[PDB]
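Structural description and commentary
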Amino acid sequence: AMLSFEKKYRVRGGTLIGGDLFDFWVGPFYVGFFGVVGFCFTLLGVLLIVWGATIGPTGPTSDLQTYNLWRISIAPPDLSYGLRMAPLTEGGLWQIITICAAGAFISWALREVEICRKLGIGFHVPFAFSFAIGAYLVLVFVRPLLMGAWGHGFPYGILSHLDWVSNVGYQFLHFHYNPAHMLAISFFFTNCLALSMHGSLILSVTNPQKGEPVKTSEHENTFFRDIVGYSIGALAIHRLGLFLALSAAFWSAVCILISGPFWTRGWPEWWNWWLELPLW
Amino acid sequence: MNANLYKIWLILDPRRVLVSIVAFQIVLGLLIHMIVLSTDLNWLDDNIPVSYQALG
Amino acid sequence: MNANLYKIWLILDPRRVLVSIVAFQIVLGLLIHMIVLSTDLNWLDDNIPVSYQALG
Amino acid sequence: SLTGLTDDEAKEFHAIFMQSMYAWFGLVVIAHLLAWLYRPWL
Amino acid sequence: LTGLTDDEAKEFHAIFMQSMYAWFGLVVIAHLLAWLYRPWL
Amino acid sequence: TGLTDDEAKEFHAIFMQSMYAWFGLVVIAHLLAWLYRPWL
Amino acid sequence: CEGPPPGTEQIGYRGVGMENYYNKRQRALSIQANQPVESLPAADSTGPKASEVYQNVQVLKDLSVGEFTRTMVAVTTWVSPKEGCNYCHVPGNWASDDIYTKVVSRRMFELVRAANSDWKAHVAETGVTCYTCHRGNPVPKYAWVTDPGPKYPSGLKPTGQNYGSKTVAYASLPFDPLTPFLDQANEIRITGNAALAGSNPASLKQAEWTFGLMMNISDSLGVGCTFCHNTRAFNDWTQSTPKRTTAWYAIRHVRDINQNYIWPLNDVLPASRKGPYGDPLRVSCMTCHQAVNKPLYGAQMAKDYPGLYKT
Amino acid sequence: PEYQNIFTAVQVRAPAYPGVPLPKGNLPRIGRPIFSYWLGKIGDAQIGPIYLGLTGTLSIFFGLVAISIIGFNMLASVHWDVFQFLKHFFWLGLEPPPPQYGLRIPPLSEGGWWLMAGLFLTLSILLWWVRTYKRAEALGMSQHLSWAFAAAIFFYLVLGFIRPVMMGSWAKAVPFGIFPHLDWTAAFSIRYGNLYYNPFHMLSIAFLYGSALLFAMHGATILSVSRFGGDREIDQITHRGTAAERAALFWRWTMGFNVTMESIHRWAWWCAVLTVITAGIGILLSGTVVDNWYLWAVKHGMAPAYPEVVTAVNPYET
Amino acid sequence: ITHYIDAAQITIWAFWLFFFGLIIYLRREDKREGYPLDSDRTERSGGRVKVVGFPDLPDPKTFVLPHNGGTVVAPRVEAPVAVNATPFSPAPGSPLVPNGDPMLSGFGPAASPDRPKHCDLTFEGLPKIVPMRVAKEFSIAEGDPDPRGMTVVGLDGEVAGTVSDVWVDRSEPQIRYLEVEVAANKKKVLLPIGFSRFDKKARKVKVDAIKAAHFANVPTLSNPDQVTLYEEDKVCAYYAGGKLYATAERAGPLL
Ligand code: BCL
Ligand code: BCL
Ligand code: BCL
Ligand code: BCL
Ligand SMILES: CC[C@H]1c2cc3[nH]c4c(c3C)C(=O)[C@H](C(=O)OC)c4c3nc(cc4[nH]c(cc(n2)[C@@H]1C)c(C(C)=O)c4C)[C@@H](C)[C@@H]3CCC(=O)OC/C=C(/C)CCC[C@H](C)CCC[C@H](C)CCCC(C)C
Ligand SMILES: CC[C@H]1c2cc3[nH]c4c(c3C)C(=O)[C@H](C(=O)OC)c4c3nc(cc4[nH]c(cc(n2)[C@@H]1C)c(C(C)=O)c4C)[C@@H](C)[C@@H]3CCC(=O)OC/C=C(\C)CCC[C@H](C)CCC[C@H](C)CCCC(C)C
Ligand SMILES: CCCCCCCCCCCCCCCC(=O)OC[C@H](COP(=O)(O)OCCN)OC(=O)CCCCCCCCCCCCCCC
Ligand SMILES: COC(C)(C)C/C=C/C(C)=C/C=C/C(C)=C/C=C/C(C)=C/C=C\C=C(C)\C=C\C=C(C)\C=C\C=C(C)\C=C\CC(C)(C)OC
Ligand SMILES: [Ca+2]
Ligand SMILES: [Ca+2]
Ligand SMILES: [Fe+3]
Ligand SMILES: [Mg+2]
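Residues numbered from 1 in each chain as written, not as in the entry; some residues may be left out. Chains lettered and ligands numbered in written order. Part of a larger assembly, values for the part shown. Heavy atoms only, no water.

This entry, as listed in the PDB, derives from X-ray crystallography and reports a resolution of 1.9000 Å.

Okay, here's the thing in structure tokens:
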């Protein structure tokens, strides 16, 4: 089925790879070459996750195997394997799922580019999705490579990856003092504030008080000038929201990338360059 | 090499290729120097010909 | 070199090129001094010719 | 033509490109010789 | 293609090469001075 | 830039003398500094 | 800023994230700066005991005269090499105790013998010598006194925190955990043993004092928290490393050293050895470890000196 | 290549807008508006005017008192030394009262200033809430902003007031300071047995991540259709245009379903609001109901188990 | 006393009940445009089966427009509009191919709905988007070039015409369209700022969307001093068709 206004946009072409071969929809989904390619990566990765849950860390007969949703964990190899492929039951399964995940993500983004070409719209969304992919690849590719072992990746488990985050963080004693981490968090918080402000404002002028007509661009600008003496503007709030969300992802990737590869001591002690300036 | 290899510039942008080579080389040069410095070949911190911090 | 190498300036923008070089060189110079200062070649905190804080 | 160059212009670019690349490759070989003589790595 | 006449590109090249050669000369002097004081190889 | 060819000659003349003048001060300060606290 | 690659070590199970990272060039230079002085040649272990040859030997009674001389030579290089034998001895009278350095040194011998014989749960067979702390200086470089912190005006009480302090590795956590925990014996535990509220009165501020002590410990050993903990459950011994057990005994060892060996010497120590509160310079993890997981990277010096053990 | 509509290349100017006229009872606005060229590169160049009645005047007075009490105490903690105040600024703080005072008003020299800053900041925020409410009322707009603001105020109140009162001690509230409030954040997780295992912490993270996901998606979606006037969301909502059609089809073809130009702002509203609702609930339950979140997760069967490769003898057992 | 049920567990379950209720609320709101779906199931059923999925559509809300502009309802019954294209293949899920010259087909990225034939208005009730000729209180911000008089080039660098005016938003001051006097036919057509790059030193506006000769067929304004919503969509959509249609290479694929 199609949205009642959709048929007049379902045009042939705009593919990057594949042309007419895969140029079709399946229900709502556009497929194309990267839909097929992404589907294979995705279905394989998910089924290898279920297979990893089925055999557990030490075989399906041990007390450690579990289908409990919180406890399932597929883990990377020991650091001793370095940049080599571990045996499937010793972290190699995690490594293959990682390659599947990256391919699924990147194929998803290129499918999005083909959709933009069909619709004649800007490429902001696949560009923005690339920042999330970049952060994932810093976590499983750039940072592990710089330290010399794929085993620095995080495990694929709903709660087990929180244990990874905790223990990597406290390797630096007090990870809160990571300067790129402070900046990234500031962007995450500011983004959430900005999103609630934006959502609120659009809903409050299109759903005004009873008896009122729909409000105007002049109301939107007046409302925040009245509260903070400034209005960024209806176009610019979307510029701002995109800037804050991408900055949050970017400084995230930076903050984990420097943790190990470019800094090994506690994070509070980094700030000693400031304390030690010959000014005070 | 083929006699008509010059016809590559009837199909590939000369300016794009030159910029692409330049960008690639500077990145490769920086990458190889840092790779080599991360190994036993390191010539900065090898105390050769002499260690200069040992001079007091 | 070649007699017609000058024609590169029909291809590459002279000014941008100029500006890029100045920027690369200033950054390279700050980078290389920092790199050398973090190796055994450090000439500031090597107490050569003397240690001036030992005079206090 | 796909790049707007004439057949005469592509011949001229190729000549200078090849000489400039060969000259750059020359400097690369010189530096590896010096490197090899000072710190052979194989 | 850069808005530069064949004679302009020839003159800019002459001044560019003489300046780049002169900058390289100072680099050699500086590296000569540095090698005498603190040989690093 | 909008400068005529002579306006570049004139600016270049004053610029080079000015920069050379600045560079002469740096040499004197470094001579004074080397005599007081030689660092090499 | 540092450059990759770092040195790495896996501590826990794969994917749990218990890993150590260190800078390779700083490690190599630390190893050079933590060299142990080569042991003296073995001495003649025969003849009369020092107990029956000398006039006022109260601790090293059972050494032969040769081993006793060797011990005196060794402590001179370890403690007062610039000054020599008479740093601890009245000129022309070796038996005299009329110099404060000799009285202090006598108790220091008992400290070391107690550590090497009675505290192996901490120092194992590696043990300690005078050198471990003093490093060739009469005053150990990494002793500590109670820290008063920055000045406040008279109408505002100091908080003991919120200040950039090297002691807790530049966090703004309570910056003197040494006095309450490595001298006095305040409770370090705050984590509950039951899921639900009802039986754990420990406080968030106590958590911060404990966190401050743990910053100091980590910095003193040059390690991260996962050297001893799985940080998903800091309290859970079953998920901790064996280094945590060792550290537990080391805290009690340090308390014993400060309470029973350093503090009772306060009256004979000169005023130059005391902090603004009148307390003596004394011992923390840093004093021996000096930012290394084992003092001197675990060099076994004490085993070559029989006088550094009880009986 | 194409214009990305990130920066305004050519700004235009018009006489400053004084704002939509307000009903009788509102005070006249204050300030002569100015224009910033550099703000005009990314957004609106106009700064001002502003509204300021009794609610906001009282809010700002309470808030400046609170802020000045904090800064004063920071400077006093380095003995008035302005240079050391700049050196240690990120470390300095205004500290909650000692535990011995419980919930009683503590002495000026040891916690009274914290209690006053918390009181006056709280009144300042509550009055700011009334301000956001009144400013929507005077324009005839609905109260979506004040409802979301109330959800954030709920979380703030839980952190510094509700939980400390429930737990019987101002010493359990949050210090005013940069690095000190980060110490407090980490110490709270330590004290309560690892906040990763608090299920409302997990939800709050899902919604904080989701807020950045949704603003990246929506921000980028709208700029990609700004070529069709899609940033003018009021008239795209009342009079669906090809901006709104292409936006919805981009997402339907990507992930199988889509929303509307109006209803994406409802998804965004709830995602952001649920971030702080779940955060308040999570802290509200810590110490009062659950003393150790990890053991609560063990009890309910959630904590992963690992092969034992390190373990330690308990010296309290030995 | 010990119990498995505890207040944290109670509260998290209560949250799930709320959250799933919230999702169903939101999915209903999501269906106020575009539903019921155009399917081949509704065709063969003779219209008997309306495809709406789950949850079902909400009851209609009303938007009351200012200045007595009327009432908009959502959801609403919208009339089918013919598609100027033929399916590339008869199989379901296949794309369609525009009839005639693609630029002019009103199909694909050239497509757009028929918005209302009246202008967006300022709060005071004047036409919102107007040329600087009409809104004389507007000026170019000092520091920025005046686009008036700049030459407009198409995707292949050929001169399409000159900028004859600038169309501004009177509600929120900004350029929304450039007015281009087209060299080929001397008509004045709108050019959205969203499709315009400034080459400031050359005083050129570059338009990647279409060729210079395509400017001849940019849709025209009924009234030269204002623009209706309807005309805004027809203008912007015509440029966007060029992104896919203006040259052969733009069809793809790369490989
Ligand atoms: C053993 C270690 C050695 C040593 C050996 C080396 C060697 C070997 C060399 C240097 C070189 C330099 N060393 Mg050293 N150096 C040592 C110790 C020092 C110390 C110090 C305090 O100890 C100082 C300050 C210096 C300083 C310098 C500079 C004079 C010079 C690098 C210039 C450059 O980067 O050109 C940058 C290039 C340009 C072309 C700059 C052009 C100028 C333009 C016009 C600047 C305009 C401003 C700009 C536009 C501003 C940007 C705009 C912003 C928005 C504001 N050295 C010691 C004793 N050093 C190099 C040199 O001498 O080069 C000839 C060199 O070869
Ligand atoms: C003791 C533990 C430490 C700590 C240890 C660290 C460590 C270690 C890390 C962080 C990271 C982060 N921390 Mg921290 N951090 C702590 C406390 C905090 C606090 C707080 C309130 O105290 C906050 C706000 C933060 C905030 C942050 C963010 C800046 C960053 C996580 C966002 C991110 O990476 O986005 C980027 C987004 C992604 C990587 C997601 C990628 C998504 C991909 C592309 C798509 C997936 C699709 C999916 C499979 C689809 C499924 C389909 C459905 C089934 C249908 N931390 C403490 C003090 N922190 C992390 C980081 O920066 O990572 C880069 C990180 O590694
Ligand atoms: C033991 C390891 C060796 C060493 C062995 C190698 C080897 C082997 C090579 C280099 C090369 C280079 N090394 Mg090295 N290198 C060492 C230590 C240094 C140190 C240092 C602080 O220790 C510096 C700053 C350099 C710097 C450089 C550059 C001059 C050059 C690569 C630049 C580039 O990316 O080209 C990219 C730039 C372009 C493509 C520009 C195109 C042409 C332009 C117009 C000319 C630019 C100036 C040119 C580089 C002149 C210098 C040539 C000399 C023969 C060096 N090396 C040591 C001691 N190095 C390479 C080289 O010289 O290539 C010819 C090379 O083959
Ligand atoms: C051993 C450590 C030495 C020392 C050795 C060095 C050396 C070596 C140099 C300086 C230079 C400077 N030092 Mg010092 N310096 C020391 C301690 C100090 C102390 C202090 C509180 O202790 C002060 C404030 C200074 C201040 C200065 C400035 C006067 C000058 C930097 C100017 C600049 O950046 O121009 C940048 C601005 C421009 C380029 C703009 C264009 C020119 C304008 C008009 C400059 C203004 C006039 C200038 C200030 C006149 C002062 C020149 C005198 C001969 C010093 N020094 C000591 C005792 N110092 C430099 C200098 O003398 O330059 C001439 C220099 O080479
Ligand atoms: C959806 C959850 C998120 C959220 C929502 C949210 N926050 C909100 C709102 C909403 C919906 C508001 O409506 C409200 C607001 O007005 O935002 C614009 C607010 C707000 N969120 C704020 C901040 C904030 N929100 C945060 C978080 C969040 N807000 C979430 C992540 C954070 C974080 C992450 O820590 C902070 C730091 C403020 C910007 C604002 C509440 C402002 C307020 O209460 O002000 C009164 C308090 C004062 C201290 C007033 C002080 C006065 C100033 C010092 C100005 C001085 C003026 C003086 C006259 C100057 C004279 C000097 C002369 C020399 C000229
Ligand atoms: C950059 C700013 C933020 C951002 C933006 C962003 N994300 C995006 C987009 C954009 C612009 C999309 O267009 C795209 C999308 O289509 O959204 C609807 C996407 C998306 N962001 C998503 C998730 C998401 N984004 C997140 C974050 C962020 N995305 C940022 C903070 C996170 C966090 C923070 O954790 C997650 C969980 C998806 C909804 C969607 C991408 C969908 C996709 O790629 O589908 C293909 C893949 C599958 C269907 C599943 C693949 C399965 C694998 C093959 C196996 C699983 C391996 C995995 C590594 C295991 C992980 C296990 C444990 C960690 C639990
Ligand atoms: C732990 C326990 C759970 C915690 C959850 C806490 C949730 C509350 C905290 C957040 C406060 C929000 C305040 C603003 C609300 C608001 O604004 O709603 C009003 C607006 C509508 O306004 P309008 O724009 O249409 O017009 C403005 C003109 N007046 O939006 C909504 O109708 C959203 C719809 C409400 C959500 C429905 C959820 C139903 C759950 C049913 C569960 C059934 C299970 C049964 C099991 C037996
Ligand atoms: C010298 O400085 C001058 C004067 C120049 C001005 C400078 C000021 C500066 C530099 C200030 C800097 C401030 C900074 C850096 C502040 C950082 C603050 C942070 C990070 C705060 C974070 C969290 C704090 C929280 C959540 C606190 C909450 C406290 C609450 C909610 C307390 C409420 C208390 C109440 C309602 C008390 C009621 C009193 C009763 C009624 C109980 O009395 C019996
Ligand atoms: Ca060397
Ligand atoms: Ca020196
Ligand atoms: Fe929006
Ligand atoms: Mg504190």
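1. Considerations on the site of ligand 3
Taken together, 13 residues are adjacent to ligand 3, and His33 and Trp43 of chain B together with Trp24, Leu27 and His32 of chain D come closest. At 2.8 Å, a side-chain N or O of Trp43 of chain B approaches an oxygen atom of ligand 3. Where the shell around ligand 3 is concerned, the elements lending two or more residues are α1 (14–37) of chain B together with α1 (7–38) of chain D. A total of five residues in the shell around ligand 3 trace back to one element, the largest contributor, which is α1 of chain D. Of the residues assigned to the shell around ligand 3, the class counts are nine nonpolar, four polar and no charged. (Near = heavy atom within 4 Å. Polar contact = N/O pair within 3.5 Å; in protein donor to acceptor, adjacent residues only side chain to side chain. Helix = DSSP H or I, 4+ residues; strand = E, 2+ residues; numbered from the N terminus. Nonpolar A, V, L, I, M, F, W, Y, C, P; charged D, E, K, R; others polar.)

2. Details of the domain arrangement of chain H
Residue and element names in this part refer to chain H. When the domains of chain H are assigned, the result is domain 1 (1–142) and domain 2 (143–301). Once you take the C-alpha centre of each, domain 1 and domain 2 turn out to be 22 Å apart. With 34 residues of domain 1 at the contact, the number on the domain 2 side is 27 residues. Summing both partners gives a buried area of about 2,500 Å² for domain 1 against domain 2, and 70% of it is carried by carbon and sulfur. For domain 1, the biggest contributors to the area lost against domain 2 are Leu103, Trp114 and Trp129; these three give 23% of the whole. One can count zero salt bridges joining domain 1 with domain 2. Where domain 1 meets domain 2, there are ten residue pairs in polar contact. (Domains from an automatic or database assignment. Contact = heavy atoms within 4.5 Å. Buried area = accessible area lost by both parts, 1.4 Å probe. Salt bridge = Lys/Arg side-chain N within 4 Å of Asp/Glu carboxyl O.)

3. A closer look at the domain arrangement of chain I
All names here are of chain I. Here the domain parsing of chain I yields domain 1 (1–114) and domain 2 (115–254). The partner domain 2 presents 21 residues to the 14 residues of domain 1 that form the contact. For the pairing of domain 1 and domain 2, the buried interface totals around 1,300 Å² over both sides, and the portion due to carbon and sulfur atoms is 63%. Considering only the side of domain 1, the residues that lose the most area to domain 2 are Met103, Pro109 and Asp114, jointly responsible for 50% of the buried surface there.

4. Section: the interface of chain A and chain H
Opposite the 93 residues of chain A that make contact, chain H presents 103 residues. In total, chain A and chain H occlude about 8,900 Å² of area from one another, counting both sides; carbon and sulfur atoms represent 68% of this. Along the contact surface separating chain A from chain H lie four salt bridges. The salt bridge partner of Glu6 of chain A is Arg252 of chain H, with a shortest N-O separation of 3.7 Å. Where chain A meets chain H, there are 46 residue pairs in polar contact. Elements with a minimum of two residues in the side of chain A that touches chain H: β2 (29–30), α2 (92–119), α3 (124–147), α4 (160–170), α5 (179–206), α6 (217–228), α7 (236–257) and α9 (272–275) of chain A. Broken down by element, the side of chain A that touches chain H gets its largest block of residues, 18 residues, from α5 of chain A. Of the residues assigned to the side of chain A that touches chain H, the class counts are 51 nonpolar, 27 polar and 15 charged.

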